[PDB]
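Below is one structure, written out as structure tokens, with a few remarks after it.
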Amino acid sequence: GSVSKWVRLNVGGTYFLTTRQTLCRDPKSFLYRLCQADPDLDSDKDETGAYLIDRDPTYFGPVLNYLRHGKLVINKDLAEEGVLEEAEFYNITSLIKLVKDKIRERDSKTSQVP
Amino acid sequence: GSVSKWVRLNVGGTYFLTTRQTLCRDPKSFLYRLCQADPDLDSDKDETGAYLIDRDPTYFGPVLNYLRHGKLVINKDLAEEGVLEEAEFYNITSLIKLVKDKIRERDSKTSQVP
Amino acid sequence: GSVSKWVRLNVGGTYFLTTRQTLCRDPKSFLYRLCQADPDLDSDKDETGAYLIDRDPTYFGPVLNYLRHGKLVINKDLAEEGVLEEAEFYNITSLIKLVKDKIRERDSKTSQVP
Amino acid sequence: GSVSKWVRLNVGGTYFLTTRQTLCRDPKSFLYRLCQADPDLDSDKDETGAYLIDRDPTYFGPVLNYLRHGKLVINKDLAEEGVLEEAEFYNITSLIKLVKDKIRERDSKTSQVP
Amino acid sequence: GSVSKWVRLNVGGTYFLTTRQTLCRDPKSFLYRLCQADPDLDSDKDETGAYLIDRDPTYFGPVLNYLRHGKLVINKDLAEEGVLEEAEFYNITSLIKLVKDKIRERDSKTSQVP
Amino acid sequence: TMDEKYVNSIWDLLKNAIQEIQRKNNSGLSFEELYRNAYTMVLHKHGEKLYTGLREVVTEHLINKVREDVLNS
């Protein structure tokens, strides 16, 4: 087909399959720029046509989840700072707007003396 | 019979295999609609025949297993707050309930006052 | 070929190759029935003959490993209860006892505070 | 063809995909050496085209994280010295430098008194 | 070819890959004997060519990495004894030595009196 | 005790390579292998020998081969 609503991301080794609409939640996002059909982008595995994005696949889950259901879901092992910087790369200004608070919330709660 | 009893959910790029009657625990569920042969499903299909679904492939585990053995299977690392919003999408109303309590259950020990 | 001492299960999509004697460790187990060459079996993926077993592959590990060396080997990321349910389906009695002790040890320690 | 912009690592069995520039922050580093297209050392290519690096597959995360975003990204449960003993190997001193401070920073609390 | 410089492990279903010489930091060890290509005691292999090693892979981190770089590789929540117990199986005498100090060292604080 | 012959074992493998690199048929070597062996030796602090061993192996080649040919030229 000339277009396919499903975009295939090769995010640093771990494949992610998601809908164009999910990536296009806020067009400023670097992910949105990938979705466009304009002729600038050409980086993909030739056989499968998956965009080659060279970033940590592990931390990409929270980034994509926010772009799928608008919340910060982070597995307990994944570092909050890791998604933060990971989020910074894709330029989803809202996500970074959130992560620092949880970061601050995480630290403030911990170091808080009674 | 020109029909099968086993379906291939291509959730989040991952292939989950499961049998029709497994998904029909809650007929008001998103999947139960996927489980049928209705006049509004043929488009969402892969070259293999697997149904192309565009949500998280990892938080789907607790959802699908609950439809298998009616109990929550949260891999310890996963976050309770994360499946809830995967549960909501699939419309397993009862499952939505017990996770919410689990979220509330966790705060009993985590939001406690010594 | 006369017969294949190797048999190729399908457990929720993930192929688990194994040998009969591995599957015949417990007289009353689900997996034991599969080994029978009697005419009551129709889940062969005839493209290769792999029998289909619609349940979670991730917890199939400890079941198959115990079915070869009789100790509950675990990958920590897997859920404690999930293996209880998983084996329960396959009807490996001796194992489901062990896990029920494993959970008992896990919570009992978890249930104490000096 | 003879050259490409993506280098595929097989560190410890797990696989990584990353860009040449990603492996050039420190050009004294082991990773940089593989990144070069020199025919002088054949290296340890794998049939998948990956470069068989035979150190820890898991503690390589923070090392490659810094090689993309220049900061200490450690999964909470990962071991700080774990990356250090990994960082020493690839010969990227800057991460090795800041890692030591993280350990020393850790002990300012973990070695504290009341 | 006639031989590969690296041999893959399949400990407890999980996979570990390394060069032959990595399994030889203490020739009087379980991994060493199998590491040799002697047919007289040759064990069996997985069809991936890896050696089946029926034992806990969770605590294999500390062990195999010490074989690589000769330090105690700990994870945040891996039990002190487990490395002791695991190492005892592999018979790398020095490792089992240094752990005993670590546990005693631990009890130096964990068994400390105010 | 950390003492063992394996120290010699890596010595050779590192040594047969170095000789090969000097012999200009590098195609038969592997960087990943070589770096690791050199790495492990120093990690348990036998570098001062490996550095010394390094000094000899190169010294061997130049005097025994390179010096000869330049004399022949």
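Naming scheme: A, B, ... for chains in displayed order of the structure tokens; residues 1 onward per chain; ligands 1 onward as shown.
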Enumerate as a list in words the residues belonging to chain E that approach chain F to within 10 Å, with only C-alpha atoms taken into account.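 Contact residues on the first chain: residues 5, 6, 19, 21, 22, 24, 25, 26, 27, 68, 69, 70, 71, 93 and 94 of chain E.
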Can you tell me which residues surround segment 11-24 of chain F at a distance of at most 10 Å, considering only C-alpha atoms, apart from same-chain residues fewer than 6 positions away, and format the answer as a PyMOL selection string? (chain D and resi 40-41) or (chain F and resi 5+30+33-38+41+49-50+53-54+57-58+60-62)
Residues of the last selection are to be written out with N, CA, C and O atoms, as a PDB file, in the first residue's frame.
```pdb
ATOM      1  N   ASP D  40      43.052  -4.023   8.779  1.00  0.00           N
ATOM      2  CA  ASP D  40      44.259  -4.467   9.462  1.00  0.00           C
ATOM      3  C   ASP D  40      43.978  -5.504  10.540  1.00  0.00           C
ATOM      4  O   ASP D  40      44.803  -6.398  10.754  1.00  0.00           O
ATOM      5  N   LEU D  41      42.841  -5.406  11.225  1.00  0.00           N
ATOM      6  CA  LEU D  41      42.378  -6.445  12.139  1.00  0.00           C
ATOM      7  C   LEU D  41      40.986  -6.867  11.691  1.00  0.00           C
ATOM      8  O   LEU D  41      40.069  -6.042  11.644  1.00  0.00           O
TER       9      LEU D  41
ATOM     10  N   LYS F   5      50.366 -21.027  35.289  1.00  0.00           N
ATOM     11  CA  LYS F   5      50.983 -21.039  33.968  1.00  0.00           C
ATOM     12  C   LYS F   5      50.149 -20.300  32.930  1.00  0.00           C
ATOM     13  O   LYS F   5      50.709 -19.777  31.961  1.00  0.00           O
ATOM     14  N   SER F  30      42.202 -11.453  15.380  1.00  0.00           N
ATOM     15  CA  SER F  30      40.936 -10.896  15.841  1.00  0.00           C
ATOM     16  C   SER F  30      41.200  -9.853  16.915  1.00  0.00           C
ATOM     17  O   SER F  30      41.805 -10.160  17.945  1.00  0.00           O
ATOM     18  N   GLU F  33      39.538 -10.657  20.498  1.00  0.00           N
ATOM     19  CA  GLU F  33      40.396 -11.586  21.220  1.00  0.00           C
ATOM     20  C   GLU F  33      41.596 -10.864  21.813  1.00  0.00           C
ATOM     21  O   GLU F  33      41.752 -10.786  23.036  1.00  0.00           O
ATOM     22  N   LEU F  34      42.423 -10.276  20.948  1.00  0.00           N
ATOM     23  CA  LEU F  34      43.700  -9.727  21.389  1.00  0.00           C
ATOM     24  C   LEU F  34      43.524  -8.713  22.508  1.00  0.00           C
ATOM     25  O   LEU F  34      44.244  -8.762  23.512  1.00  0.00           O
ATOM     26  N   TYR F  35      42.577  -7.787  22.366  1.00  0.00           N
ATOM     27  CA  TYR F  35      42.421  -6.765  23.392  1.00  0.00           C
ATOM     28  C   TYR F  35      42.106  -7.398  24.738  1.00  0.00           C
ATOM     29  O   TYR F  35      42.650  -6.994  25.771  1.00  0.00           O
ATOM     30  N   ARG F  36      41.229  -8.402  24.743  1.00  0.00           N
ATOM     31  CA  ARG F  36      40.834  -9.022  26.002  1.00  0.00           C
ATOM     32  C   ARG F  36      42.023  -9.660  26.707  1.00  0.00           C
ATOM     33  O   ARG F  36      42.231  -9.436  27.905  1.00  0.00           O
ATOM     34  N   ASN F  37      42.819 -10.455  25.987  1.00  0.00           N
ATOM     35  CA  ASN F  37      43.956 -11.104  26.635  1.00  0.00           C
ATOM     36  C   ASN F  37      44.884 -10.064  27.244  1.00  0.00           C
ATOM     37  O   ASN F  37      45.231 -10.142  28.428  1.00  0.00           O
ATOM     38  N   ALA F  38      45.278  -9.066  26.455  1.00  0.00           N
ATOM     39  CA  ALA F  38      46.090  -7.986  27.000  1.00  0.00           C
ATOM     40  C   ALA F  38      45.412  -7.362  28.209  1.00  0.00           C
ATOM     41  O   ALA F  38      46.068  -7.034  29.204  1.00  0.00           O
ATOM     42  N   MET F  41      45.523  -9.712  31.553  1.00  0.00           N
ATOM     43  CA  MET F  41      46.846  -9.801  32.163  1.00  0.00           C
ATOM     44  C   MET F  41      47.096  -8.624  33.093  1.00  0.00           C
ATOM     45  O   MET F  41      47.464  -8.804  34.259  1.00  0.00           O
ATOM     46  N   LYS F  49      55.619  -7.313  33.532  1.00  0.00           N
ATOM     47  CA  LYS F  49      56.180  -8.366  32.700  1.00  0.00           C
ATOM     48  C   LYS F  49      55.700  -8.250  31.261  1.00  0.00           C
ATOM     49  O   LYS F  49      56.501  -8.387  30.330  1.00  0.00           O
ATOM     50  N   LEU F  50      54.408  -7.990  31.056  1.00  0.00           N
ATOM     51  CA  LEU F  50      53.884  -7.932  29.697  1.00  0.00           C
ATOM     52  C   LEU F  50      54.530  -6.789  28.926  1.00  0.00           C
ATOM     53  O   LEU F  50      54.929  -6.955  27.768  1.00  0.00           O
ATOM     54  N   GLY F  53      57.813  -8.166  28.270  1.00  0.00           N
ATOM     55  CA  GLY F  53      57.629  -9.098  27.173  1.00  0.00           C
ATOM     56  C   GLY F  53      57.364  -8.383  25.865  1.00  0.00           C
ATOM     57  O   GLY F  53      57.888  -8.768  24.817  1.00  0.00           O
ATOM     58  N   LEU F  54      56.554  -7.324  25.911  1.00  0.00           N
ATOM     59  CA  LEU F  54      56.353  -6.491  24.733  1.00  0.00           C
ATOM     60  C   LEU F  54      57.688  -5.986  24.201  1.00  0.00           C
ATOM     61  O   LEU F  54      57.986  -6.114  23.008  1.00  0.00           O
ATOM     62  N   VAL F  57      59.615  -8.742  22.285  1.00  0.00           N
ATOM     63  CA  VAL F  57      59.089  -9.307  21.047  1.00  0.00           C
ATOM     64  C   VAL F  57      59.349  -8.373  19.876  1.00  0.00           C
ATOM     65  O   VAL F  57      59.814  -8.811  18.818  1.00  0.00           O
ATOM     66  N   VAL F  58      59.061  -7.082  20.032  1.00  0.00           N
ATOM     67  CA  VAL F  58      59.358  -6.145  18.956  1.00  0.00           C
ATOM     68  C   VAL F  58      60.863  -6.054  18.748  1.00  0.00           C
ATOM     69  O   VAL F  58      61.350  -6.095  17.612  1.00  0.00           O
ATOM     70  N   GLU F  60      62.986  -8.280  19.139  1.00  0.00           N
ATOM     71  CA  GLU F  60      63.388  -9.470  18.402  1.00  0.00           C
ATOM     72  C   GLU F  60      63.254  -9.250  16.899  1.00  0.00           C
ATOM     73  O   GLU F  60      64.171  -9.548  16.127  1.00  0.00           O
ATOM     74  N   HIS F  61      62.110  -8.719  16.467  1.00  0.00           N
ATOM     75  CA  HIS F  61      61.836  -8.643  15.036  1.00  0.00           C
ATOM     76  C   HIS F  61      62.791  -7.684  14.337  1.00  0.00           C
ATOM     77  O   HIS F  61      63.390  -8.035  13.313  1.00  0.00           O
ATOM     78  N   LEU F  62      62.941  -6.467  14.863  1.00  0.00           N
ATOM     79  CA  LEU F  62      63.717  -5.457  14.150  1.00  0.00           C
ATOM     80  C   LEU F  62      65.164  -5.899  13.985  1.00  0.00           C
ATOM     81  O   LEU F  62      65.700  -5.918  12.871  1.00  0.00           O
TER      82      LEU F  62
END
```
So, counting only C-alpha atoms, which residue among C:113, C:52, C:74, C:96 is closest to chain E? C:74
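Once chain A is least-squares aligned to chain E over all ordered C-alpha pairs, the remaining root-mean-square deviation is 1.3 Å.
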For chain B, which residues have at least one atom within 7 Å of chain A, if we go by only C-alpha atoms? Write them as a count of residues only, please. 7
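The space separating atom CA of residue 66 of chain C from atom CA of residue 59 of chain D comes to 29.6 Å.
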Report the residues of chain C whose backbone DSSP state falls under strand (DSSP E), written as an NGL selection string. :C and (6-11 or 14-19 or 44-45 or 50-53)
Any chance you can output those residues with N, CA and C atoms as a JSON list (two decimals), in the first residue's frame?
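Generated output (selection27.json):
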```
[["chain", "number", "residue", "atom", "x", "y", "z"],
["C", 6, "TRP", "N", 12.09, -36.60, 19.49],
["C", 6, "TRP", "CA", 11.89, -35.18, 19.69],
["C", 6, "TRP", "C", 10.48, -34.79, 19.26],
["C", 7, "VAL", "N", 9.83, -33.97, 20.08],
["C", 7, "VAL", "CA", 8.50, -33.46, 19.79],
["C", 7, "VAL", "C", 8.52, -31.95, 19.99],
["C", 8, "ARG", "N", 7.77, -31.24, 19.16],
["C", 8, "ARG", "CA", 7.86, -29.78, 19.05],
["C", 8, "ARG", "C", 6.53, -29.17, 19.51],
["C", 9, "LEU", "N", 6.45, -28.86, 20.80],
["C", 9, "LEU", "CA", 5.27, -28.18, 21.32],
["C", 9, "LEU", "C", 5.21, -26.74, 20.83],
["C", 10, "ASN", "N", 4.01, -26.18, 20.88],
["C", 10, "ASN", "CA", 3.80, -24.75, 20.72],
["C", 10, "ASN", "C", 3.01, -24.29, 21.94],
["C", 11, "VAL", "N", 3.62, -23.42, 22.75],
["C", 11, "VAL", "CA", 3.04, -22.98, 24.01],
["C", 11, "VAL", "C", 2.87, -21.47, 23.91],
["C", 14, "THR", "N", 5.51, -19.58, 21.32],
["C", 14, "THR", "CA", 6.91, -19.96, 21.44],
["C", 14, "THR", "C", 7.05, -21.47, 21.31],
["C", 15, "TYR", "N", 7.79, -21.90, 20.29],
["C", 15, "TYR", "CA", 8.07, -23.32, 20.14],
["C", 15, "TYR", "C", 9.04, -23.78, 21.22],
["C", 16, "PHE", "N", 8.68, -24.85, 21.92],
["C", 16, "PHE", "CA", 9.53, -25.48, 22.93],
["C", 16, "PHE", "C", 9.81, -26.91, 22.49],
["C", 17, "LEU", "N", 10.92, -27.10, 21.79],
["C", 17, "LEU", "CA", 11.35, -28.45, 21.42],
["C", 17, "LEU", "C", 11.71, -29.22, 22.68],
["C", 18, "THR", "N", 11.40, -30.51, 22.69],
["C", 18, "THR", "CA", 11.71, -31.35, 23.84],
["C", 18, "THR", "C", 11.53, -32.81, 23.44],
["C", 19, "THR", "N", 11.88, -33.69, 24.36],
["C", 19, "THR", "CA", 11.86, -35.13, 24.14],
["C", 19, "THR", "C", 10.82, -35.77, 25.04],
["C", 44, "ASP", "N", -1.91, -30.58, 15.92],
["C", 44, "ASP", "CA", -0.64, -30.57, 15.21],
["C", 44, "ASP", "C", -0.61, -29.45, 14.18],
["C", 45, "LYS", "N", 0.40, -28.59, 14.27],
["C", 45, "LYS", "CA", 0.68, -27.61, 13.23],
["C", 45, "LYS", "C", 1.31, -28.38, 12.08],
["C", 50, "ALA", "N", 3.89, -29.62, 14.88],
["C", 50, "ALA", "CA", 4.04, -29.12, 16.23],
["C", 50, "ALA", "C", 2.68, -29.02, 16.90],
["C", 51, "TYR", "N", 2.52, -29.72, 18.02],
["C", 51, "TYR", "CA", 1.27, -29.68, 18.76],
["C", 51, "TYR", "C", 1.08, -28.30, 19.38],
["C", 52, "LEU", "N", -0.15, -27.79, 19.36],
["C", 52, "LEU", "CA", -0.43, -26.45, 19.84],
["C", 52, "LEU", "C", -1.03, -26.50, 21.24],
["C", 53, "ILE", "N", -0.48, -25.68, 22.13],
["C", 53, "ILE", "CA", -0.90, -25.62, 23.53],
["C", 53, "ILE", "C", -1.06, -24.15, 23.89]]
```
Kindly give the distance, in Å, that separates atom CA of residue 30 of chain C and atom CA of residue 90 of chain C, rounded to a single decimal. 4.6 Å
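You will find atom CA of residue 83 of chain D at 26.2 Å from atom CA of residue 29 of chain E.
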